[PDB]
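Enquirer: so I pulled this structure from the PDB, and the sequence comes with it:
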Amino acid sequence: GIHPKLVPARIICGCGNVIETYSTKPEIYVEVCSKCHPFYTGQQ
Amino acid sequence: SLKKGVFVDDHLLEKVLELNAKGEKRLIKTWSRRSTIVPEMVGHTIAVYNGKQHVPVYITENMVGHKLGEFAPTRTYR
Amino acid sequence: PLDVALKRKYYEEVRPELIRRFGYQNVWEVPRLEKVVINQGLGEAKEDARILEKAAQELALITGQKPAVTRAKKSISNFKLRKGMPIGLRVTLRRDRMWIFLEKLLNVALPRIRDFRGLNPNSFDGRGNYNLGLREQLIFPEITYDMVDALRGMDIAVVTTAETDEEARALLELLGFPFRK
Amino acid sequence: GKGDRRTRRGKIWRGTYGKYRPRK
Amino acid sequence: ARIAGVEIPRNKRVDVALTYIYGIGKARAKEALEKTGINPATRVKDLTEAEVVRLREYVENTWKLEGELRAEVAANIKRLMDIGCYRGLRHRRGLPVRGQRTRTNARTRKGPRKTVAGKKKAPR
RNA sequence: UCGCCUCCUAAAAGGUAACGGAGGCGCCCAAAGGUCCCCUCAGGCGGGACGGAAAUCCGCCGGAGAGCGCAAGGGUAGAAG
RNA sequence: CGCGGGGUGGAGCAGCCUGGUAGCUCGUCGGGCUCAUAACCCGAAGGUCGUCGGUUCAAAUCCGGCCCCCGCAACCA
RNA sequence: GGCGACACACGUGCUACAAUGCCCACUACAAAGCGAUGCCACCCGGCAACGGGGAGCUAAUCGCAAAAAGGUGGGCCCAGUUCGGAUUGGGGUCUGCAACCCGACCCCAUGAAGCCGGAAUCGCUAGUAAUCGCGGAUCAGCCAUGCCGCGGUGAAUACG
């Protein structure tokens, strides 16, 4: 009787990936995530 | 507040990029505080000066569009 | 509500490899994540009409489970409220619930946590099962940031089957957890 | 007024032009 | 007439009401009306049920506004909690971060007059 | 000091003295009571954002050292909690 | 017991019948006037107006009702 | 590196608190001064500081450079506001080897205190006071609200 509801969501990352899961609020605007690693920079 | 270049000294990379060609240590004294922060040099320790002594200021991946000075306070009691 | 990436990705990927990894035989001996208790507590409820039921409710949108009205045993003279009735907060996570929250906790709130550099290389040591220490909170793919009256840390305790470390390690190690190594 | 780097008089006070004082 | 955050201008020329919104300045706004061919004069109390949202559309959906900007700011503030940028301190330290004069002024960043004064002279 | 409750004294039944040795009471609680349904500690050692040396957590080992309004004492989780 | 009367900055006392201000000082802090000091001179920290219930647009104040003080006259199986 | 510090303090001033006002547009009227690796008309690119090209000017002869407060029209209707712009985020320009400590601008966004100022205190006897714009010296640039000059509009009152 007192919960966060839930529904199928389609999350849009910031580089490409689009994980299609559930939770709360159908549209999610993510910055980064997996498919974003190990993005190194070399080292002197 | 440049537009064409990055004022960062040369007596630094002629030291930072040689040390670059290998992956060595980090004790790197220097007075060139007046200089941008070299991309990649993130992971290296620069002994910035402040009229007093060199400074074990490391270097992160988030301090590039910032001259070495921004991390080497001058006056005491801040 | 009968399927995620993990829960699935755990079976078709985590089950076979693990098994073949250490050398178990039947499907149970193989270690498995069981549940995830996660509590905030706060302990920031004292004088001047200090409610904070939103504090909870707001955690409810991040988990899916409306937290527990915790209290504290003794009495802390050396600092505020005493003999039960104050505040401690907590929401235990069990399968599906746990899988979901767990899922995006291995996809979003990994870097969003300020800087980052990788999870501690040893926070379950000896006694199987892993606990994590939280500072932030809005790094969550929800809980807007222009609605945070305050920022409170929390505790995610992720308990398992793996009776050793090498095991509980592996489990997560091979699943989606990144370690500072 | 005389300061608001955003109006006629201001650019003036601050002896300069821009999009709030057309250099003609 | 909500639009961005729980904000609602009303009773006055549209091209000004807009400023009210967090993230909207004099420029932007009056651009909001030209872009969507909407008329400035016309109040807020006289805008077709269409023009209304029709506006909010372009609006809300381009330059992040009130809210998603609010502490979107602290992002690059707190972000300065790094190894410590001079500009870090100042916020970190509650003072002027634009190479200013503290010695005397700076009362917007310091709480107004925190007196606590002393100094003795010479008696007889 | 003067009525009252607890312990020792008090010599294994009871009681038993001193201007003996050492503490309390002159209240409380409409739930802190009837009852029926549920539940389990203290600590120790790991593991944990604020975190003492015990907050609230997680994992083991731990039957009672916790609690029970209050003095001590009897008693008690197979519940009085 | 009843008639009164009384509590409001750290102590002092006005605001008490009028509703509409939370003040007057002592004392700490600054800052004023001199040639400097003294002395006068200003502005501030600071009070649930004891308590709670209340009518009002609003309460220290008029209403309530009680804790609490002090005067008296009386009560004490 | 510091003279730029900063719990504070006083002195000199800048911007204001607004309708005798502010904003945008248009449209008039100066005087004084300074200009060669100087001042840059004028086209072009950016809502812009500015950049490219480029004519003139040894300057009464070419330019800074147009004056603002007026006037005229339109916008605001008494609100912490279209007042006031402090502080803060961002994106940028020129300079200069170099602008973190330490520049000035421009641009987007935040829009702070202030609704007229305690005791006290200062200036001024008329082209003055008040309020409005313009110059130059020092200068690579600039922290110029200063300093030295200029010109525009133009009061009040003095019994004693």
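Expert: Sure, I can see it. Numbers count the residues shown, from 1 in each chain, chains lettered A, B, ... in the order given.
Enquirer: what's the burial count for the residue of chain C found nearest RNA strand H?
Expert: Chain C approaches RNA strand H most closely through residue C:146 (12.7 Å), counting by CB to the nearest atom of the strand. For the C-beta atoms, the positions are set from N, CA and C on the backbone; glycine is no exception. Residues contacting residue C:146 under the criterion other CB atoms under 10 Å in any protein chain shown number 14.
Enquirer: how about the residues of chain E near chain B?
Expert: Within chain E, the positions adjacent to chain B are E:79, E:82-87, E:89, E:93 by CB under 8 Å from any CB of the partner chain.
Enquirer: at 6 Å what do you get?
Expert: When proximity is defined as CB under 6 Å from any CB of the partner chain, chain E approaches chain B at E:82-83, E:85-86, E:89.
Enquirer: quick check on these: which are buried?
Expert: Neighbour counting by 16 or more other CB atoms under 10 Å in any protein chain shown classes E:82, E:85-86, E:89 among these as buried.
Enquirer: related to what we said a few turns ago, among the residues of chain E next to chain B, pick out the one closest to residue C:64, please.
Expert: residue E:82 (34.0 Å; CB to CB).
Enquirer: excluding chain neighbours, give the residue nearest to the closest one in space.
Expert: residue B:62 (5.5 Å; CB to CB, 6 or more residues apart in numbering or on different chains).
Enquirer: state the distance from residue C:62 to residue C:156.
Expert: 11 Å (CB to CB, to the nearest Å).
Enquirer: for the two, indicate the residue with more neighbours.
Expert: residue C:62 (23 against 18).
Enquirer: the nearest residue to the more buried one once chain neighbours are set aside and residue C:60, how far apart?
Expert: Excluding its sequence neighbours, the residue lying closest to residue C:62 (CB to CB, 6+ apart) is residue C:140, at 4.8 Å. Distance of residue C:140 to residue C:60, given as CB to CB: 12 Å.
Enquirer: and what of residue E:108?
Expert: Residue E:108 is 39 Å from residue C:60, by CB to CB.
Enquirer: next one: residue B:77
Expert: Where residue C:60 is concerned, residue B:77 sits at a distance of 46 Å (CB to CB).
Enquirer: swap in residue C:32?
Expert: 27 Å.
Enquirer: residue C:140 and residue C:60 - which one has more neighbours?
Expert: Neighbours were tallied for residue C:140 and for residue C:60 using other CB under 10 Å; the higher tally belongs to residue C:140 (20 against 17).
Enquirer: Provide a list of residues in contact with residue 26.
Expert: In the absence of a named chain, this looks at chain A. Neighbouring residues of residue A:26 by CB atoms under 6 Å, 6 or more residues apart in numbering or on different chains: residue A:9.
Enquirer: actually chain B
Expert: Taking CB under 6 Å, 6+ apart as the test, what residue B:26 contacts is B:44-45.
Enquirer: same thing but 10 Å
Expert: A:44, B:19, B:41, B:43-47, B:56, B:58-59 (CB atoms under 10 Å, 6 or more residues apart in numbering or on different chains).
Enquirer: just residue E:77 next, same as before
Expert: Residue E:77 neighbours (CB under 10 Å, 6+ apart): E:71, E:87-88, E:91-92, E:97.
Enquirer: of the buried ones among the residues of chain E next to chain B, which are in range of RNA strand G?
Expert: Among those, proximity to RNA strand G is found for none (CB under 7 Å from any atom of the strand).
Enquirer: how does chain E divide into domains?
Expert: Under the assignment CATH domains of a matching chain, the domains of chain E span E:1-71, E:72-124.
Enquirer: any chance of the buried ones among the residues of chain E next to chain B in TSV, plus secondary structure and distance to residue E:124?
Expert: Below are these laid out as TSV (DSSP: H, G, I helix; E, B strand; the rest coil; distance: CB to CB, whole Å):
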residue	secondary structure	distance to residue E:124
E:82	coil	57
E:85	coil	53
E:86	coil	48
E:89	helix	46
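Enquirer: what is the nearest of the residues you listed to chain C?
Expert: Chain C lies nearest to residue E:82 out of those, by CB to the nearest CB, at 7.7 Å.
Enquirer: the closest one touches residue B:63, doesn't it?
Expert: Yes. Counting by CB atoms under 10 Å, residue E:82 does reach residue B:63; the two are 6.3 Å apart.
Enquirer: joint contacts of those two?
Expert: Shared contacts of residue E:82 and residue B:63 (CB under 10 Å, 6+ apart): B:70-71.
Enquirer: coming back round to it: the residue of chain C closest to RNA strand H contacts residue E:67, correct?
Expert: Yes. Shown here, residue C:146 and residue E:67 form a contact pair, counting by CB under 10 Å, at 3.7 Å.
Enquirer: need the residues touching each of these two.
Expert: E:5, E:22.
Enquirer: picking that back up, same for chain E: which of the contacts of residue B:26 are within range?
Expert: Restricting those to those adjacent to chain E (criterion: CB under 10 Å from any CB of the partner chain) gives B:58-59.
Enquirer: narrow the contacts of residue B:26 to those that are buried.
Expert: For the contacts of residue B:26, buried by 16+ other CB under 10 Å: A:44, B:19, B:41, B:44-47, B:59.
Enquirer: out of the residues you listed, which is nearest to RNA strand G?
Expert: Using CB to the nearest atom of the strand, residue B:47 comes nearest to RNA strand G of the buried ones among the contacts of residue B:26, at 44.1 Å.
Enquirer: which residue does chain C bring closest to RNA strand F?
Expert: Distances between chain C and RNA strand F by CB to the nearest atom of the strand are smallest at residue C:133, namely 1.6 Å.
Enquirer: tell me the SS of the residue nearest in space to the middle of chain C?
Expert: In chain C, the centroid-proximal residue (CA atoms, centre = their mean) is residue C:156; its distance is 2.4 Å. Per DSSP: H, G, I helix; E, B strand; the rest coil, the secondary structure class of residue C:156 is strand.
Enquirer: that one: what's it in contact with?
Expert: Residue C:156 makes contact with C:36-39, C:93, C:101-102, C:105, C:109, C:130-134 under the criterion CB under 10 Å, 6+ apart.
Enquirer: quick one: residue C:36 is in a strand?
Expert: Yes. Counting by three-state DSSP, residue C:36 falls inside a strand.
Enquirer: tally of neighbours for it?
Expert: Residue C:36, neighbours per other CB under 10 Å, totals 26.
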